[PDB]
Amino acid sequence: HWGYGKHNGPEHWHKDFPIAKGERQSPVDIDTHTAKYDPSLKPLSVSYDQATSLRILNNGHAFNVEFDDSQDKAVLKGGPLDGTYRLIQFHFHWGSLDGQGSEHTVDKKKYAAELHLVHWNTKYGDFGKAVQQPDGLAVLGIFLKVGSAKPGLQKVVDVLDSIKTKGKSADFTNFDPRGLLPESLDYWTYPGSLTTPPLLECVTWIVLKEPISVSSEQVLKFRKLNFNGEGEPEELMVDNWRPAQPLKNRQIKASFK
Ligand SMILES: Oc1ccc2oc(=S)ccc2c1
Ligand SMILES: [Zn+2]
């Protein structure tokens, strides 16, 4: 139904999902000069040493690398968060050209892509219950710029040929998401939403200030994926990003001065 085309893209989503015009929608532009340093924020705790990746799936709007979230194996804590949030999946949004692709922007700057590491609050028991709560999810957002290759991304890049089309999955065990993190964990944070339907307002966003670098060849392989299923007309999976939404009555806080 919904997608990223002229007739079903982000400007149409509100018809099926009226919360698209809600009070805490994502992504947003991060105006760095009006974000306020909050000295009471904590360092983020990203504990991914025991992460168990299982599978990679082309779901028709991105690809998800899925994790075993049936125990506390890969968790996000600290920063703005109360309690423990378990990693369930990561995915990316990217452009047709290097000058666009990110969902969040920084002083109106668009990056080539954006990584979303999705975590759910363990006090709600599972992901489906968590998305119904205002503090149900924590999404760690990381910008990608094109330059040097990211060695830790290459295992993802090289499996994409096997999940070219919508509905295809492949085994994807023993992938270490620590290889996708920048050096610094300095971040901005604000309350927002899922950036795809159902657009639920359940996310504490944590957006890292330092981008990671990926090579032109790596992002080119993202752009060979297909939105369509096998045996259907080829639509390249590109420009699968929602643009910035109104900030409304929200403040963005910075972990750093
Ligand atoms: O099933 C969904 C739908 C939208 C989502 O959006 C974000 S931002 C994270 C997870 C997610 C899961
Ligand atoms: Zn996303």
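These numbers come from the heavy atoms of this one structure, side chains and all, not from hydrogens, waters or symmetry mates. Both counts, for ligands and for their atoms, begin at 1 and track the order of listing. Residue numbers start at 1 and run along the sequence shown.
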N/O donor to acceptor pairs below 3.5 angstrom from side-chain atoms of residues 136-150, sequence neighbours left out:
from	atom 1	to	atom 2	distance (Å)
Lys145	NZ	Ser213	OG	2.7

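In this structure, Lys248 places its NZ atom where more than 12 heavy-atom neighbours from other residues, nucleotides or ligands lie under 6.0 Å away. At most 12 heavy atoms of other shown residues, nucleotides or ligands fall within 6.0 angstrom of atom CG in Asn249.
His104 and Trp205 have their aromatic ring centers within a separation under 6.0 angstrom. You'll find the ring centres of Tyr4 and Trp13 inside the 6.0 Å limit.
Excluding waters, the count of protein N/O/S atoms less than 2.8 Å from the Zn ion (ligand 2) comes to 3.
Exactly one of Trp188, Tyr37, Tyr187 qualifies for a ring pair (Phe, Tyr, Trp, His ring centres under 6.0 Å) with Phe256. That residue is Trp188.
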**Item:** Verdict with supporting geometry, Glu103 and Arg242, salt bridge (charged side-chain N to carboxylate O under 4.0 Å, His left out)
**Value:** CA-CA 6 Å; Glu103 294 206 310; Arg242 189 188 194 192; over 6 Å; no

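Residue-level contacts of ligand 1 at the 4.0 Å heavy-atom threshold are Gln89, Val118, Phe127, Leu194, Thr195, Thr196, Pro197, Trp205.
Partners of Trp94 according to the ring-ring contact (aromatic ring centres under 6.0 Å, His included) rule, which considers only residues two or more places apart in sequence or in another chain, are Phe63, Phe222.
Contact check for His61 versus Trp2: side-chain heavy atoms found under the 4.5 Å cut-off.
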